[PDB]
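Written out below as structure tokens is the structure these notes cover.
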Amino acid sequence: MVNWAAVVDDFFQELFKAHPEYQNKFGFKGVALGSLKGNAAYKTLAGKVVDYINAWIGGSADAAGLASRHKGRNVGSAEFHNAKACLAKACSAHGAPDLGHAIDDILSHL
Ligand code: HEM
Numbered sequence: 000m001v002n003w004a005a006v007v008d009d010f011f012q013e014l015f016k017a018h019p020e021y022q023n024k025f026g027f028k029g030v031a032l033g034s035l036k037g038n039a040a041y042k043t044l045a046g047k048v049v050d051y052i053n054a055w056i057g058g059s060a061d062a063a064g065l066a067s068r069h070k071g072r073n074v075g076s077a078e079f080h081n082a083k084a085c086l087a088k089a090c091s092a093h094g095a096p097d098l099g100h101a102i103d104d105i106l107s108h109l
């Protein structure tokens with residue numbers, strides 16, 4: 000039983016460390032990284048990312064839909080390549096399987 004919630008938390012720490020400006024697009028803009036887990040906007044968003052990972056594992060993920068919604072937020076290939084690397088670190092740090100192919104699937108629609 001992978002703790003995907005823990006992996007996603009480390010994913011966002013990696014993501015926003017390397018690219019702080021990405022955080023500006025979220026409802027938790029401006030919040031200190033060490034404080035994120037206590038922020039209500041963050042908790043909801045991280046929960047949806049955990050949901051997406053479990054949908055991919057479970058076979059129900061909609062990569063086309065997720066890509067389209069991110070393009071709608073002006074988030075594209077460059078950002079998702081960066082996210083891929085950040086998620087790879089977060090999985091490794093928790094002994095979790097690599098999610099590279101899930102990200103590749105989103106990338107194919109970007
Ligand atoms: C591993 C890569 C990523 C995954 C799996 C992912 C997944 C998700 C999910 C499931 C949502 C919830 C709403 C929806 O389903 O569309 C979401 C929202 C969002 N994501 Fe991502 N995302 C990723 C990378 C990124 C990156 C790099 C950015 C760069 C800024 C980003 C920006 C956003 C924004 C702005 C929202 C909406 C926030 C809001 O409505 O308040 N995402 N993402």
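Using PDB author numbering, you'd call the opening residue of the sequence shown number 0 and step up by one each time.
Every residue gets a Cβ at the ideal spot worked out from N, C-alpha and C, and that includes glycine.
Check whether residue i and residue j have beta carbons under 9 angstroms apart
i, j, result
"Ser76", "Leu109", "yes"
"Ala4", "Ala45", "yes"
"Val1", "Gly94", "yes"
Residue i Cβ short of 8 angstroms to ligand 1 heavy atom set
i, result
"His100", "no"
"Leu65", "yes"
"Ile56", "no"
Span of the alpha helix (DSSP H), counted from its first residue to its last, around residue i
i, result
"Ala92", "Per DSSP, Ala92 belongs to no alpha helix (DSSP H) and is neither H nor E."
"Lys16", "3-17"
"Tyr41", "39-57"
"residue 110", "Residue 110 lies beyond the range of the chain shown here (0 to 109); nothing can be said about it."
"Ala101", "99-107"
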